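Have a look below at one chain only, the form deposited in one PDB entry, in structure tokens format.
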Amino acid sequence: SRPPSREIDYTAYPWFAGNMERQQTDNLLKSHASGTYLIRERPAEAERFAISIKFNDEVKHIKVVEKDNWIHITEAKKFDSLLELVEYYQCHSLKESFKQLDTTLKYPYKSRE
């Protein structure tokens, strides 16, 4: 076994939900507070991975794009791996891209990391 011929085990993380449904996402953060983040994994030709956070008593959805060994939800900050992308905006507010959304990754969708 070698590092290459694969990617990062994002599933190992507590905030990762592989094979998630749209209806499930809503019911997931339907009771949660304004500070619940979770990343889904749906088989799509355009958007590989997707994000769903809760804030202002609402469940928002972000789009993630990956190409040429790069990843970025928007054209504000580019990254090489999904980790660098989520790890960067987890400590700093994402208001830079979402003027309306100024919240960072606080609590997961399982309990409390």
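All residue numbers are counted from 1 along the displayed sequence.
What comes next is about the form solved in complex with a partner chain, which does not appear here.
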- Item | residue 100, heavy atom within 4.5 angstroms of its partner chain in the bound PDB entry | yes
- Message: Whether residue 78 contacts its partner chain in the bound PDB entry should be assessed with a 4.5 Å heavy atom distance threshold; does it?
- Response: no
- Message: Just checking whether residue 32 would be counted as a contact of its partner chain in the bound PDB entry - the rule being heavy atoms within 4.5 angstroms.
- Response: no
- Item | residue 92, heavy atom within 4.5 angstroms of its partner chain in the bound PDB entry | no
